[PDB]
């Protein structure tokens, strides 16, 4: 069979929850082919204190000894510059993730993106400490009308001005637009990096999930098992995301936004939970897209090089030097991923076949 050496794979956008769900999914980071994971903080309650973020990490390290864990704070009014400096100096966090209020899971305690200025003390601290500002780039929905209405299909586009202002007011702050879903977002990211030479000139980057390289609105209309935020959009939007993933440009890299929910939280008649579970086959999902685009040469950059470069991951922190090797063995996605107790998850593309699998090999 043929093999592809991918090195230290990166998934810079992971949800791993708490409790038994966390014991179920955290080992699946490695099985999915991912060596380094950026952990998102939207627990209940949100992670806003130093002791709890340092209480979450070793719990994950205990569940997965070989996986490198970059942690984050949840952007909240309970954060202070001294908290940001203390957390950075103790190597507890690697960035702060912002959730607009009400737009996705556990975002009710979030910020209004028609402000952001109230968090300028926080951004100055993060800029001084070289932390990353992660943005769930969606404006909350407004349907009445003075300004043009915001809804799930243009909310991301309506957010692009807020990103542009943040980057102008903080030119040295590393900012990621998480899980880009619209062509407008791709063009804004490309234009911001118009005079970019090498990868380290990138200060504003964007992550792309696995599922948005497959899904369009027709896949989640009537299928809550494919419903997520931001919502998958039009075929032209999916084309732009795929061309950006295989582009080879250093300001697009992989962030799965694997968001597990028990099956009974997706089979609601109202209030369905947003989120697609992709951890168990994260790298093979991406390999399939890259294979169909005849762009497999560019896979290592999108899932490994560019995320390590942007996050400045050193071997000093990496928990294991094992290399993820992709090999072309066909496999079938199970129908459920269960902990054999109370938790069952429907995986992304359940029942479908993938051309690749993943194994680990040490270095030297």
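Numbering follows the first chain given and starts at 1. Think of the rigid core as the biggest set of C-alphas that the two forms share within 1.5 Å after superposition.
Between 276 to 284 and 143 to 151, the larger root mean square Cα shift in 6 other deposited structures of this protein, once each structure is superposed on the rigid core, falls on 143 to 151. Higher mean CA temperature factor between 220 to 228 and 104 to 112: 104 to 112, per the PDB entry. Checked against the record, the higher mean CA B factor of 287 to 295 and 252 to 260 lies with 287 to 295. Of the candidates 303, 37, 40, 326, the one whose C-alpha carries the top B factor in the deposited record is 326. Sorting 136, 233, 85, 94 by the CA temperature factor given in the entry leaves 85 at the top. When all modelled residues of the chain are sorted by CA temperature factor, residue 70 is found within the lowest third. Residue 127: CA B factor in the middle third of modelled residues in this chain (values from the PDB entry). Among the modelled residues of its chain, residue 277 has a C-alpha B-factor that falls in the lowest third, as given in the PDB entry.
Among the modelled residues of the chain, residue 308 sits in the middle third by CA temperature factor in this PDB entry. In the deposited entry, the Cα temperature factor of residue 269 sits in the top third of values across the chain's modelled residues.
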